[PDB]
Amino acid sequence: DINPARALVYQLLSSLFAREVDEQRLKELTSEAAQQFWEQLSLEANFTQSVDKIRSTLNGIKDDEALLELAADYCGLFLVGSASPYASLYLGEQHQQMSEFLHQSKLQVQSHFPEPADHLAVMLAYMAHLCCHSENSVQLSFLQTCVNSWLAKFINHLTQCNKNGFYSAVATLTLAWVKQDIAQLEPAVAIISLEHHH
Amino acid sequence: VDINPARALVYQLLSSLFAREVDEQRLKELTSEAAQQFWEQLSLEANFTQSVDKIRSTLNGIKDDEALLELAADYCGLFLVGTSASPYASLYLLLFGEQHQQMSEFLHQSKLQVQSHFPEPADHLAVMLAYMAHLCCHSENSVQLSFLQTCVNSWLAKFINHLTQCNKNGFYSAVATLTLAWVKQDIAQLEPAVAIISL
């Protein structure tokens, strides 16, 4: 009864922390239907001051420089770490419930953080999965596209940071292992193209 | 004979070495008598010899916690810092971006954990508020109340305090301030509503 309205307020607040505000969003936040909304929210004594600051700011963005500055505030405050909006930086089972929610919603926040699946550990773990669950062509393609395309660089920079050399050796072995695996996969994959063509 | 499962095991081993710092239990399983056989055999491949011997000589050389802590320090000061060799592909670089769609699914299913200093994505306030929005219409009042008191109201004021200190113009502080006041008023409505169902 009142819940859909509450969901709506939480969504709006969420959107404001999710990512910086672009032209399309600004137009959505300052339209007539949005103006009435902000007014209604302002009627509550505990919300009045905050609602006026938010609404007067958004209504004051008339050019590109105005929108760009607000975004700079967003980036300067949340994408540097500053006041990163992560609970753990200021302070259990309902994190898993959210984990699923995250996976389901396809809702991702603006972030300067590297993509988790871009972690070498993840790529290798996934390749291990491809070895027994995919065609050789998919395995080869993945090694050439996502692994062999950058290890050399990683290794190079690793040799300038690892004094001991343990992890430099691990990286070195990984590339060597990948190259040899690619050489075993090439003919296999090529046989299938010579056969699926004739 | 099928070698695909053997290849997967090797990729997993390499995966583990970048996945997290080596701990006591892991050092033991990486240096067991069965493991020594594996390394020796792997070292016989001409292309692998040098790095393998560096790998195992290092692992076999670990005989006290000091040396172990030293390796763990190498790991952290190399991958977990951020300036000097993060293991992320994007940081060193066509059908690339499209293969990331399947990895996310595998990453969600494998529930594989990579040691990291980055905060959890679900810990982000925007994701918590979106989740709360969801609970508002697909959950009992008590689950909503519980989540607010437990995950939001517990740290929001600390956040607003710091935010207010870094926000010169003050727009985002106003958003954060309105958020807390919204959450508090909502908890105020939720408590009476929930308590009543015990009657």
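So that the names make sense, note that chain A is the first sequence line, chain B the second, and so on, each numbered from 1.
- Side-chain atoms of A/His119 and B/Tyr88 form no donor-acceptor pair, as typed in the model, at a separation below 3.5 Å.
- Atom CD of A/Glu135 is surrounded by 12 or fewer heavy atoms from other residues, nucleotides or ligands within 6.0 Å.
- Between the OG atom in A/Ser111 and the CZ atom in B/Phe118 there is a gap of 8.5 Å [rounded to 0.5 Å].
- Among A/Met127, A/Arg19, A/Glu44, the residue making the largest number of heavy-atom pairs under 4.5 Å with chain B is A/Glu44.
- Residues A/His95 and B/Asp123 meet the side-chain proximity criterion, which asks for heavy atoms closer than 4.5 Å.
- Ring geometry, A/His103 versus B/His108: the interplanar angle falls under 30°, so the pair is classed parallel (tilted spans 30 to 60°).
- A donor-acceptor pair under 3.5 Å is absent between the side-chain atoms of B/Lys54 and the main chain of A/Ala169, judged by distance alone.
- Here the side chains of B/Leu178 and A/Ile54 are in contact, with some heavy-atom distance below 4.5 Å.
- Looking at A/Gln184, there are no atoms closer than 4.5 Å to chain B (heavy atoms on both sides), in backbone or side chain.
- Cluster membership check: A/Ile182 shares its hydrophobic cluster with B/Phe96, using side-chain heavy-atom separations under 4.5 Å among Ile, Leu, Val, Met, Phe, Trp and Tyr.
- At least one side-chain heavy atom of B/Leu93 sits less than 4.5 Å from a side-chain heavy atom of A/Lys153.
- Atom OH of residue B/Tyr92 and atom CG of residue A/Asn156 lie 10.0 Å apart, to the nearest 0.5 angstrom.
- Under the 4.5 Å side-chain heavy-atom criterion for grouping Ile, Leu, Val, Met, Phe, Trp and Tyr, B/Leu69 is not connected to B/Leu80 through any hydrophobic cluster.
- When every heavy atom of A/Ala117 is checked against every heavy atom of B/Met103, the shortest pair comes out as O-SD, 3.6 Å.
- The local environment of CD1 in A/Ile2 is sparse, with at most 12 non-hydrogen atoms from other residues, nucleotides or ligands closer than 6.0 Å.
- Residue B/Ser57: no heavy atom, backbone or side chain, is found under 4.5 Å from chain A.
- Nearest heavy atom pair, residue B/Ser90 against residue A/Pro114, reads OG-CB, 4.1 Å.
- Neither the backbone nor the side chain of A/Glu69 comes within contact range of chain B; no heavy atoms are under 4.5 Å apart.
- Looking only at atom types and distance, the side chain of B/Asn47 has a donor-acceptor partner in the side chain of A/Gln180 under 3.5 Å away.
- Between A/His129 and B/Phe106, the closest heavy-atom pair is CB-CE1, 3.7 Å.
- Only the side chain of A/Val51 comes within contact range of chain B, with at least one heavy atom under 4.5 Å from a heavy atom of that chain.
- Note that CG of B/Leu13 is 9.5 Å distant from CH2 of A/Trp177, once rounded to the nearest 0.5 Å.
- Put simply, CZ on A/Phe47 and OG1 on B/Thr179 are 10.0 Å apart, with the number rounded to the nearest 0.5 Å.
- For A/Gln139, the part lying near chain B is the side chain, with the backbone staying farther off; criterion is any non-hydrogen pair under 4.5 Å.
- Looking at A/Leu151, there are no atoms closer than 4.5 Å to chain B (heavy atoms on both sides), in backbone or side chain.
- Taking the side chain as every heavy atom from C-beta outward, A/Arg6 and B/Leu190 approach each other to under 4.5 Å.
- Here the closest non-hydrogen pair linking A/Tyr10 and B/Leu129 is CB-O, 3.6 Å.
- Heavy-atom minimum distance, A/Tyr167 versus B/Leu17: CE2-O, 3.5 Å.
- The backbone N or O of A/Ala121 lies less than 3.5 Å from a partner atom in the side chain of B/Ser15, making a donor-acceptor pair.
- Rounded to the nearest 0.5 Å, atoms CD (B/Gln102) and OH (A/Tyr126) are 4.5 Å apart.
- A distance of 8.0 Å separates CZ in A/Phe166 from CD1 in B/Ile62, rounded to the nearest 0.5 Å.
- Taken together through direct or relayed side-chain contacts under 4.5 Å among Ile, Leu, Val, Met, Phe, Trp and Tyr, B/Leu9 and B/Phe18 form parts of separate hydrophobic clusters.
- Looking at A/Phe154, both its backbone and its side chain come within 4.5 Å of chain B, counting heavy atoms on both sides.
- Environment of CD in A/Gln35: crowded, with over 12 heavy atoms of neighbouring residues, nucleotides or ligands closer than 6.0 Å.
- For A/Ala152, no part lies under 4.5 angstrom from a heavy atom of chain B.
- Counting heavy-atom pairs under 4.5 Å between each of A/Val178, A/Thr172, A/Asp181 and chain B puts A/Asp181 at the top.
- Shown here for A/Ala87 and B/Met128, the closest heavy-atom pair between the two residues is CB-CE, 3.6 Å.
- In this structure, the portions of A/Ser149 lying under 4.5 Å from any heavy atom of chain B include both its backbone and its side chain.
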